[PDB]
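Here the structure comes first, spelled out in structure tokens, and everything after it is commentary.
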2 protein chains.
Amino acid sequence: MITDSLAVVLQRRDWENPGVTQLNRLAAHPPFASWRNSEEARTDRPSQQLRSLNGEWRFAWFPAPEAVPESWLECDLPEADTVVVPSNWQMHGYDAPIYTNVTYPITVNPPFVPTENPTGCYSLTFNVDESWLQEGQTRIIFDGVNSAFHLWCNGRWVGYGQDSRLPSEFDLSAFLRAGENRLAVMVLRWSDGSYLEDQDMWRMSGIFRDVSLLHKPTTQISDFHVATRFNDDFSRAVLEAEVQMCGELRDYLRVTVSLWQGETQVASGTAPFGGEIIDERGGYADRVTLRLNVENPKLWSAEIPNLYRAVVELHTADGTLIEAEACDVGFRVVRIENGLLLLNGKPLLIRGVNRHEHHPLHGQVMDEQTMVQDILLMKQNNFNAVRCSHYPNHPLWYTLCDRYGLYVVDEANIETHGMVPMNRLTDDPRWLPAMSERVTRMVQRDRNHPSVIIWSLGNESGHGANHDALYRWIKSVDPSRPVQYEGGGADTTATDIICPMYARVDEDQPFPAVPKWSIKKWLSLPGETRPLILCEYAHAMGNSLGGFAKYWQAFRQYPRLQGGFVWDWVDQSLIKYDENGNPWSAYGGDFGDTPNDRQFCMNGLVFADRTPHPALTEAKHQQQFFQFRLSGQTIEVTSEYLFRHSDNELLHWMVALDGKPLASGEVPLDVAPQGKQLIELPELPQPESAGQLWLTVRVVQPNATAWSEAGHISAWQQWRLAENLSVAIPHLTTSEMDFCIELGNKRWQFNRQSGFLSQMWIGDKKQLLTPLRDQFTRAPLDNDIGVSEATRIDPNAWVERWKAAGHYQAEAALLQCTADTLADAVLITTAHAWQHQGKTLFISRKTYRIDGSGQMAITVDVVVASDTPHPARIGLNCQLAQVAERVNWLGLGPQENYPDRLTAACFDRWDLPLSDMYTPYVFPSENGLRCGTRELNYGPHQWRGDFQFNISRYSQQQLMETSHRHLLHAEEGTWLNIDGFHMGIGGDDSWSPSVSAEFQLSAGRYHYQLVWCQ
Amino acid sequence: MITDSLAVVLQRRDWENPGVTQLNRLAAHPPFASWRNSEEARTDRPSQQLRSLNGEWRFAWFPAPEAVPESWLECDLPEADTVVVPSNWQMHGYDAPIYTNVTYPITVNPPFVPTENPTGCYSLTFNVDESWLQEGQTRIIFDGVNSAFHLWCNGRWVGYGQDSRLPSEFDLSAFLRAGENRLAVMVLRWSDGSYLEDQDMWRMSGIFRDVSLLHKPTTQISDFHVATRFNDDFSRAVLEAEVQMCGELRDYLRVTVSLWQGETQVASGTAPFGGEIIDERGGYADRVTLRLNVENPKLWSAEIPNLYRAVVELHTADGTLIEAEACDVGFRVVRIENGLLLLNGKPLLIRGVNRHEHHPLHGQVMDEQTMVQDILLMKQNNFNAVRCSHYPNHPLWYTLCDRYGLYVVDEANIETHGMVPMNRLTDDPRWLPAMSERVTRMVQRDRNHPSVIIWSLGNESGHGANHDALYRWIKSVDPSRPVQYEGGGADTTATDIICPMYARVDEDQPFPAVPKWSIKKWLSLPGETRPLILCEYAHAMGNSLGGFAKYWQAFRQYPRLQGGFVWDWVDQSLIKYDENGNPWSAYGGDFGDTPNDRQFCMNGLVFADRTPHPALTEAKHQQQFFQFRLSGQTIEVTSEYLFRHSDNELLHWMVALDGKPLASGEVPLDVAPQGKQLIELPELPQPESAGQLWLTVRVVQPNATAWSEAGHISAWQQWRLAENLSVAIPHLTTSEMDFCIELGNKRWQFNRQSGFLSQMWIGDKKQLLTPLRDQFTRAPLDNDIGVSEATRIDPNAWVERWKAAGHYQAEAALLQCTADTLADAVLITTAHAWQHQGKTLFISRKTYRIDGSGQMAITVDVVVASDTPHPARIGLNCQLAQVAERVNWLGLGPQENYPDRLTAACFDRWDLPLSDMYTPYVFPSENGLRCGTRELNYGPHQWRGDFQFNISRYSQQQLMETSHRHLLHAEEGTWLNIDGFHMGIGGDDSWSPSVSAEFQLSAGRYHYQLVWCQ
Ligand SMILES: [Mg+2]
Ligand SMILES: [Mg+2]
Ligand SMILES: [Mg+2]
Ligand SMILES: [Mg+2]
Ligand code: NA
Ligand code: NA
Ligand code: NA
Ligand code: NA
């Protein structure tokens, strides 16, 4: 037909009109399956009325919707490939995914999008049974289509949809025919809706969530809401189920709502349709509210995710079932009382993380297995909350969070970050309809999920009146959940929770019109009474999460600081393939996407393959649910659980002397929620030998859980106990070029022109490929770089200050190199000055004392100019000629730890393969540091003292000059960096200096001593 | 083109889709004229860039949009008539206007409308100058089109619009061509928008407001808001003018905002574009806010409508004017403080009325002359506020209210009264977009008008979440005005003001879920702190406004009772024409409209021709701005003005004895706002003659005003002063049939079978056409009938109770008729029983004493059964044979007054033509009563006593059995009803019993005496 033709359908350009967000789309509603059997519904068995169209579809790509041929509406194109649906077509190579953070991927001219609008033409030929078309309603459900789409069925135009992150449903009953049918879906990458979808993520497109057919009866359940009300002590609950119907009303129709705990019916209710009178015209004849009483309900929480099963049966008075829907019900109350967010009467402490729907191979297509993997890892690392950054998630997500026990912030798909000002659209009433659909349809879909405890109005869209309106709309329709929104300063009228992004613990960031106060200060501002939960904090970009412990100290000290959501869970890297077929991880700009925000897509605690970064352990430790205090030999264990007794926890303790165990034991934990348990340690040993005693306690979960295996370690702490302080002569040969010291089969060679230990021999085997030289620089971290780019320098970034000061180009100048034979040792004294453009940045004065035992004692005293940027490190580095399989050390470990991220590390004797001493951050940087190290063993070498170290096959130079980890090549031998001092890594944010003063190397004078021996 | 064709344009049926409220419509904005001269703008002179297309258009009517021929898009139809635009096409006879109140005029199946959808095809061929199309933007403005419409220009489809009551603007620049152009407008009577337009009014359609062309420059003023901020005492003001631009930004662009008081520039400000930073992305580069200081501003109020002129000039830095817009600015603050609505720091007392846009000949087309007439009448009757029931009004309205001084409630065009429940749509998020457009676009249009002091979210649409959302939206965008909304119980979260409809003063109406408490009680409900202003009260349907004084006593006694809006200003009657070309007033059902709400369209204080009903005077008296208290000979005059001194008022006083003046005088009023003035009266006379002294004071405005002529009476009061109490024999001839009494040339004849005075002779001329008989009934008022209809009886209505009790059918039974000659008089004693179906309702026992002076003294004692409904009246009626030109009476007058509506009437000697004793209510009923009457003179007849009376050419029977006033025919002679007692008329509402107990004839025994003589 003429009006079904592309030429007509496309003429109005509905994808460039925010007044048209949909055409012929059905109302939003909770998940439906149209069970015709109540036991199936109760048991969540797969309904035959819900059919999946996921699988092999036909796909053709076009540069613009105009280029689509009319024949596509009737027959599959010859040029059409077979592709899997759901999928993003950028993952199939048709065009490039674009990583941009704030800047829109298109020209900013709303509501218009580029004429070159990549278009994906999907089609599916399928069979429909005669019974479906004989009676009832057959709808098609698109759980996600990015960004917009037109839908044809058998050549006839059905409808149009936007909002990539919520389901779009269309009635096909009048379009289907018994037997073979063809769907034709034209998906546009850009639409007016794209102005509300400016999230900091990969910009992709396609039918990336499930496609289904649902068959319902003519007389059907159209919507149903569950609410739970409680008494003062949660001993009595009322489940209020409001059920709505569509179709023909009849006095024999009945609704039965039954509530099940496993196989046990705990409550039930039956009633005819017809609600109570609500205004002068009457009530809803097509609605009914059942009120079921539940005595001593088992309450839902992230700690104990007790769930009931609500089955909603639409049937006849004589008992014939018309259809059945069902939901998981969690009995919990979420409310803000006197400035505190309470769940079931107790103040929450949100151990949260932001999570994008990202898969390195399938992009933004989510599968159950990846969701479960994420949830398990999160709970195993002491997360209890997740923020749907920044859009409604795949439906299954919420179910899993109901089942496994995670608190969820459900967020509308509204982000206009790229607008100038940020609220240009959100303050414009012409965009209120569009925004409304993104909020309302989210609530209507997800309001029955107990896991969802907070609604969010979106992200980074300023503060406009549309936010206030939709805030109030949510509050009116669902007063069971707080609403939050960070835009416009994080404390606007459109949020019940002060929810700033990257507000620091103690440091104010007074930005014009939207300051980021210190969270502590923020709570106390005149007139402010709300709780404060950071929607984003602790930016985990690369080697980061420095200063995380400061946040958690504050969270625990301040009642109204109820936590936050780390940014973020998983790196948004994508897999590309080398010429040799090898996969490597790619970030912004690696797909020809331009402009792009290069590696800012990788802010995760875990790699895209869900392998953890070191920072994750820090989080786990700071978020652990058991806090410990040592008093003498008494351990006070305090529980931060609100609801569960410690019924699956035992405390293992161990006392060790310089890594050697001396005593241990196990004590079952029996501590009530928010309670204390005192554990008296038996008299620990009094080792008369020298060294520091260390007490380490670990809470172990002996039995498996739904989310953890037996023996899971959930918490730990370490304290220093008592310390007992410790109470042949080398031959020197002097030449014009070097001092040579010989002792047995050991030989040291100091170059007199450079002033450095230039070679060491054991027997005849050289030990150094590069001299032992002072190092004051590190391969910059993403936090060091910030947003600085070779084209657009950011002068306040640490890397730019270091480069401008000449730290990387500083030329060592020999001031002194002298040798002297003592009674039993040889003493080499050196002094160097590092200079740049006439200024002396650093002066190092060293002494090397080589004694009759072969031990070389190195004393290093460094002066740092007060006016030069504080150096990243003060230490030594050399390239060792040997490559050994393993690294042994007495120090903090086992994982990478830095001065502002080492609380989770434990002091012990650690022994790891050399590879585990390199952290493969996709963007290479300084990595692998271990701090608090008293002994390091590598090959025949032993270093002793009190130092930090990293050891790898990659130089700091190579790390600094290589953009991707897959481009690194192991160099000859092994690079050893031994630092007396190392700067913090930061992480409060990764676009401004974030290293706190106490972790900057600002003392001006530094001293450290090493002992190097065989 | 194919896509411009009706077949394509109409295929999507945008008028049955609430997701499509418009296509290609431009943003809403304040009134624009695009002056290219700043003096013109200042002087509000007509801009040549604003051209009117009002005038002769071509029009063709069709029963459905499908029936429109494609040729219409290119050339005018042959069948097309020439019609005036603006117009409603029901007023041109093409189809019928439908009067329905609650029930939708279409089948209720949203969003769908009937397939038979009357369609009006308008077209206009006009000329466009070349300059308009050479550069700049040419838009077409439709200030009102009911209900929806598609727009073509020169055969090409431009756009689509809904919301009949706000302007719809479209850019024609790309469609126009130098010289001759043709607009084609297809207007649909029904659309999805019609579900939001269920106001209790005539349902009409067409282009009923102005159509204009506006030419603006490419670089233009796109929006501008004015705000006024004040200090604690309103001595200093800041005018904050936010100006927005569209087009190309350039650093030489400037905005100048100048403020004028007549010809005097009081303030000015210039600035480049670029607003302050508002969020992280910056500010609005295309906006600028000027902040002008005004010292000692002249404040705007309904009492003193001081206005400034704001001229907004968009120009270059070097001084070239690009364009100029302008507005009237009123400096006033509206805010609710501690439960009180304050204007400029003073609590308002709203003397309000609801006003529909209605004209009896042109329907819903409004002209300036009618608006001015209405405003003048309102102010002359002591109204200071108007509610735009129930939609945004013609723009000019607001301007006039700014100029003349009326407070305005601006109301969104949202009424869903016919839905079941009433909030079915307003609680549905799918209708939130549509509703939003009706609210937002109202605010954007009218927010600069000082007269608008309150926003309303609509009317009779229940309470749904959409209301809460839009309430909050208004509060966010314009916090300068309170928002009110009555739906959902009048005290919901969506209103700042308790704004009930027809809540009574002392009587509760406990309806389920939406009770109408007594307003006094309502204020004091636990937790209630808001002010209470009735959005509708005192239903002026016909002979009504009984009990109005109770409302105003309450308003004055209770601070938080700040008044209300009477329902309503003007009868919504329409003019039809008899076979003889005579015009008559018509109401529901007179156009074949069915179903219809017959006469409920006529609820006005004035007739459709703006002739006043009697009730208006009552309102004027109760709303008067001067209150009086008498103490001895001292009059305390209290001013209820808040802002103005009584600078144009003098008090005239007069003392009169039984209507004869004895003394008078004038005293200038000099009373401050809310102040008191004591006026000592000189020693009033001590007339030793008999009778009651009456003091009457009137406030006269000696000088003309913009709204009143010289000598205007604005207030009055009357008190009783001292009273000095007053300290030939007829021949009887008895026959079997009658007693005959003769005295000189006077003869009385009493029938002994009936027991009534059956004839009276003066000389040989009979005086009676009908005997003098007791009357206990009245032709029912609309308040007596309520909603009762012959098909659907309402048993609690007074008329139905009276009919069921037999009051109208009661048969008089003679119990006694006897005659007796006294010393100097003849005494006739009678006793009658009125009976129905065996029950005696009334018993009348009378004595007629005819003495030697010709005077017939009648004593009447009536017993009323306690269990029969209280009778409407207790009196006598006769048909007098004579017709005299005038009626003289000593009593309350001059206008119709009833026991619960007589405060405004004054006791005096009144003399009016007989016609003025009949009030021509379009729906006939009891009318013309004058109460407190001590003397009545008609022809040679004089009646004396203390009675109420009406006198007319129409019997109560005829009034009762005639549906329209034009169908009344004067009967032979004159019907006189003399009542000892008369029931109240009611009026709190006209669909339930509203006569308060103290005005019901419930005493069971009544006595009254008359003296009838020559
Ligand atoms: Mg659109
Ligand atoms: Mg962003
Ligand atoms: Mg529509
Ligand atoms: Mg109504
Ligand atoms: Na806290
Ligand atoms: Na990022
Ligand atoms: Na009052
Ligand atoms: Na009415």
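Because only heavy atoms are used, hydrogens play no part in the values below, and waters and symmetry mates are left out as well, while side chains stay in. To find a chain, count down the sequence lines: A is the first, B the second, and so on, and within it residues start at 1. Just follow the structure's listing: the first ligand is 1, and inside any ligand the first atom is 1.
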Does a side chain donor of either B/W522 or B/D491 reach within less than 3.5 Å of an acceptor in the other side chain?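 B/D491 and B/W522 do have a side-chain donor-acceptor pair below 3.5 Å.
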Test item: side-chain donor near acceptor, B/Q622 and B/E618, under 3.5 Å: no
Look at [X] and state whether any of its N, O or S atoms is less than 3.0 Å from the Na ion (ligand 7).
X: B/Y558; value: yes
X: B/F555; value: yes
X: B/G563; value: no

If only atom types and distance count, is the side chain of B/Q22 paired as donor or acceptor with the main-chain N or O of B/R25 below 3.5 Å?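 Present.
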When you measure from the side chain of A/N384 to the backbone of A/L349, do you find a donor-acceptor pair of N or O atoms at a distance under 3.5 Å?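 Checking the backbone N and O of A/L349 against the side chain of A/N384, a donor-acceptor pair under 3.5 Å is found.
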Ring centres under 6.0 angstrom apart (B/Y551, B/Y537): yes
Criterion side chain to side chain donor-acceptor pair (under 3.5 Å) on B/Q484 and B/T495, from CA distance to verdict: CA-CA 4 Å; B/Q484 76 174 36; B/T495 188; 5.7 Å; no
Residue and atom, protein N/O/S, under 2.8 Å of the Mg ion (ligand 3):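 Result, waters dropped: B/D14 O, B/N17 O, B/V20 O, B/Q162 OE1, B/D192 OD1.
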Anything under 30° is parallel, anything over 60° is perpendicular, the rest tilted; go ahead and classify A/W552 against A/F555. perpendicular
